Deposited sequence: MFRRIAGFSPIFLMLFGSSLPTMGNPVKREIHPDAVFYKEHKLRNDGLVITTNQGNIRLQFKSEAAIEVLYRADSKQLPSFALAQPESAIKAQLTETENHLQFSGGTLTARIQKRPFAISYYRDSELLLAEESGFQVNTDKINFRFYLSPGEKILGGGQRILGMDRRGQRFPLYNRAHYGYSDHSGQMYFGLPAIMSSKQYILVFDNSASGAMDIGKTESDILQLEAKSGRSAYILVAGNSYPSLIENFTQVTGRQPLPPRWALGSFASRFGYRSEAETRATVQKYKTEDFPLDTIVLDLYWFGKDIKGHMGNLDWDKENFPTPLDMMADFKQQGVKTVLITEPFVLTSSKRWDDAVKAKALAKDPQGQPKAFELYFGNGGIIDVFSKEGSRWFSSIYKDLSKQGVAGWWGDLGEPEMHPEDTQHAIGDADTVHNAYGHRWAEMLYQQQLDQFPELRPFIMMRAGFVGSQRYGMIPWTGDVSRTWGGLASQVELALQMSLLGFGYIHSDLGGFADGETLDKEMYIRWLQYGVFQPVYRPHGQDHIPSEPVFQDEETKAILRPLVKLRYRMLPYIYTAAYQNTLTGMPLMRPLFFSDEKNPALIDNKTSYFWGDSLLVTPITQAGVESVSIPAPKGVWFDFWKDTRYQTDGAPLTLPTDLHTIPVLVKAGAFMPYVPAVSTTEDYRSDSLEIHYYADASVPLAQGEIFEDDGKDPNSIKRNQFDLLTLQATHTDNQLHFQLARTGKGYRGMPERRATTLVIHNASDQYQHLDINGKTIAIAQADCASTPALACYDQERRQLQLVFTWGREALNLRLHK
């Protein structure tokens, strides 16, 4: 039995006193409220909030039975007796507490009938997790395939079809019960930790996500090389093998930006060496030369690191001496069994552990390491009696990886203020994206089921802050011989998801350069396509940094009034314009694509489809996966390069998909130096915009550039604009008012400025795009 007793509005927070204690409400923005119970006691701080001490001006009004605490769009309605808080956007109820807070920590909310609930981070349970319950406890799930209620990277957060996001801002071992035990009840539980939740509202799914990342953090733009081709396996055994692999990419003519060194870089065996955090010189004898030699070829080196320092490693004594490891209640360094051996865990929550760990990253970075891979941050093994500076293992568990990323991010920015950190990790918390965390979906099995689960996982993570979620392409775990068709399908999908990193246990090759001739013939032009599409991908990355908009978007974005679309985990949007349907079973001969109503084109074949709702049936082939382009799309390309270090935008090729059903369309291309972490903030970029206006007798393109530019920016770009499904009735082109004839023959065989290819229904315009506004008008 809880009831209101009194409140105090100071400042700018609402502090309510019930018969059970104090509750603090603070708006972190016009659309987001933090609600802290047991406010009067000392608790762990928020981890989810980027600005935890924020509190914007809200209006408070009181009635006999209620208080109202209202921000711009979100309003908290506080019922006095019994005590219950409910949340409104406009006049629409978003979410209501049932019993609300109870004591070990428990939050209970009503769920609406028919309300669909995404969230929980990585689970393989279906997109709508309502009817499910599962732990909040980051944990490895080795060799998972088509089901999981608990894996590496959980998030204590949900997204509702009511268009709100609820965050349980708690780092402890806990649980989420989404109307499983009781049909109309959402229950959040934790053994300890902070007793707070955060509700974020939005008027659309993109707006919801923009509002959510506003308060939890926006991902800094990754270096452009993060979007390129990675060579990886578990693992290169020597410097010779590593150099041979870089060489294999060169001789096989596959693009390569980065090679990733797994745990053999610091030891001869899988077990016993973890914590050495230094080169195994027997097998990597000249690592500085190795990294310098790779940089000469435009190739970065990334090294794996882990939280665990084994008692058998060379750094045990020093870590103990430095007080860098978590302790037992008795006060000694805590040592325990984990897969890799016997050892302790670096206390990243302590000053000592942070300084000790950070100095190691600095030293290796100075030697030439370009980026960092932090594995096992669940932490994979984390005994209950382990004590960190700010709480026991069960209390801080779900934030360990989060803090580890913060430490490393801060360390990298302090060391290299003019470069963007690359940090790939397996586990984090809400908001970890603000430290640049790039997560991958762990040790997936080498099975079709493992591949088939990746879109669900990526969408679930993307919706809640993580634009660069991706998988070990081709699959990681076990297997005894390559499943060739599966591998190909996985690396094809790979082109259209955030990070192109094939990786697997090395008894089967994960790199595409080690595959048979047929596989390479299929994948080589696709890996090159990935590079040619850098302007499209890097622009989506830019938008993610701006607004939180994920690179992969769910089908349900296409119709917010059709909740049934939420269930779809088989087709997704890659950027604004591509609808991608991965093939996830062997021998599939055709696919049914639930394309949104409108006009769509086969990405590979240029075929035009129109639909008023019925799905489209496309045949499959082994060399592609089915991809449709939305009418009105501007698809920008540059020539393929071997490494993003060689990237040029002097030559642009842009494909516009024309249809009268799209009378107005817009595109943009974000260009900067690919490396400056301050480029966006300082406007040191070249933002290209294209606008198409398509009427009965005219098709008009307006081109412009903004931004202050950057060193090496081309003043003038040679541009080839290819208009698909172009009318055959255009007779002339005006460029800035100067009329030019459109040739109607030999379009591919002459250096023509404007030509129409009647067999392909493509109209090609070739011109110079300088710094001034440029207008192109086609007239019938």
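- Coordinate coverage of the deposited sequence is interrupted at 1-34, 138-140, where no C-alpha atom was modelled.
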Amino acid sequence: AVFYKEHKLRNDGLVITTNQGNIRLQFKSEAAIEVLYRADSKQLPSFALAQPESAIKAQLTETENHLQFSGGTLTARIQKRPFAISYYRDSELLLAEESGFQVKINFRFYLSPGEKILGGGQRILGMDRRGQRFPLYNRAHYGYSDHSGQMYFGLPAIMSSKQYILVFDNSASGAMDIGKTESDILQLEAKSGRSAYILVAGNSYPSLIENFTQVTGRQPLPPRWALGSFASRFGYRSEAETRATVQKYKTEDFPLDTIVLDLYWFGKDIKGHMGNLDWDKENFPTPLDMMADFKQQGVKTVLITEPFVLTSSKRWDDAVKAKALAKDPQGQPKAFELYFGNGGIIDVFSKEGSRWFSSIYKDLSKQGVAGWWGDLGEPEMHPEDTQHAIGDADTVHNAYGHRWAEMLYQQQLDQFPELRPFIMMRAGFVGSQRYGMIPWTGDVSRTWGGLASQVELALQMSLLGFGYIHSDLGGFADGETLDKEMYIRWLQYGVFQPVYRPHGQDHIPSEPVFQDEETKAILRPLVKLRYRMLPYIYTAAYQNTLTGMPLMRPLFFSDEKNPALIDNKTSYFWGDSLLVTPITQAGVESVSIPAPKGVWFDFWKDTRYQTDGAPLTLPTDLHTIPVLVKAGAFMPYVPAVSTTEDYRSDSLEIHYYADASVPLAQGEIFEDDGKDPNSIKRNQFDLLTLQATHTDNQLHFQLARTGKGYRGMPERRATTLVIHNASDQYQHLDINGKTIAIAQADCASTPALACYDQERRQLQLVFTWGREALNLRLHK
From here on, numbers count along this sequence of modelled residues.
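In this text, rigid core is short for the largest set of C-alphas that superpose within 1.5 Å between two forms.
- Using the rigid core as the fitting frame, the root mean square C-alpha deviation in 6 other deposited structures of this protein is greater for 336-344 than for the other of 543-551 and 336-344.
- Judged by mean Cα B factor in the deposited record, 412-420 ranks above the other of 412-420 and 625-633.
- Higher mean CA B-factor, judged across 636-644 and 189-197 from the recorded values: 189-197.
- Across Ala665, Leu616, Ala521, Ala324, the entry's maximum B-factor at the CA atom is seen for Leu616.
- Out of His503, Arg426, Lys80, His273, it is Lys80 whose C-alpha atom has the highest B-factor in the PDB entry.
- When the modelled residues of the chain are ordered by their C-alpha B factor, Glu715 lands in the lowest third.
- Per the PDB record, residue ranking by Cα B-factor puts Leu733 in the middle third of the chain.
- Among the modelled residues of its chain, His402 has a C-alpha B-factor that falls in the middle third, as given in the PDB entry.
- When the CA B factors of the chain's modelled residues are split into thirds, the value for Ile742 lands in the middle one.
- Ranked against the other modelled residues of its chain, the C-alpha B-factor of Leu765 as given in the entry falls in the middle third.
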